[PDB]
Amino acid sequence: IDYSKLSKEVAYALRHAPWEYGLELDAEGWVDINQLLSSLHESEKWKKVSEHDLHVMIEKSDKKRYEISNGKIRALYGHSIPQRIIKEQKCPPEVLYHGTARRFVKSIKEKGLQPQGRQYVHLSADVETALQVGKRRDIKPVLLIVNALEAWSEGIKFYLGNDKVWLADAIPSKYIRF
């Protein structure tokens, strides 16, 4: 089992297109794990995949993308579906980070950080994690430093993703150090 490719398939089902797998996510993103497995088994590549394989995929991952609880599974962040995933509001640390591509910096300066295709702006707890986010689009990514606690004190909402991935509503440029 190629766990990296399996994770990409699971991400598509749990973040982007659950309907394509015949799945319906609840308000917090959960779906029955046997329903996900049944849907994965529609694809020739994944007919061997067991629940055990999903736990191992999670255990071996660089990132805490998914969690399995009481026979249900969800993605913790990254969703793009029309129905807003309900996340817990959370006061952020003083500073969070956002790694991006050079070609987006002018637009972020003018408009702030926007959720774009996702439901939430995604932020990083540390510099190295943020640079890895930016490296997905740019070999020379730009580190943005977000005055997150200041933004929160002025009404910008932040939400729990995981220990390394923070979520937010749109963040005005005034809170972003370039």
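Residue numbers run from 1 along the displayed sequence.
- 116-124 and 56-64 differ in mean CA B-factor, and the higher of the two is recorded for 56-64.
- When the C-alpha B-factors of 128-136 and 38-46 are averaged, 38-46 comes out higher.
- Ranking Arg74, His98, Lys106, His79 by the C-alpha B-factor listed in the PDB entry places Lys106 at the top.
- Compared with the other modelled residues of the chain, the Cα B-factor recorded for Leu149 ranks in the lowest third.
- Ranked against the other modelled residues of its chain, the C-alpha B-factor of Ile156 as given in the entry falls in the middle third.
- In the deposited entry, the Cα temperature factor of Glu9 places it in the middle third of its chain's modelled residues.
- In the deposited entry, the Cα temperature factor of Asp169 sits in the middle third of values across the chain's modelled residues.
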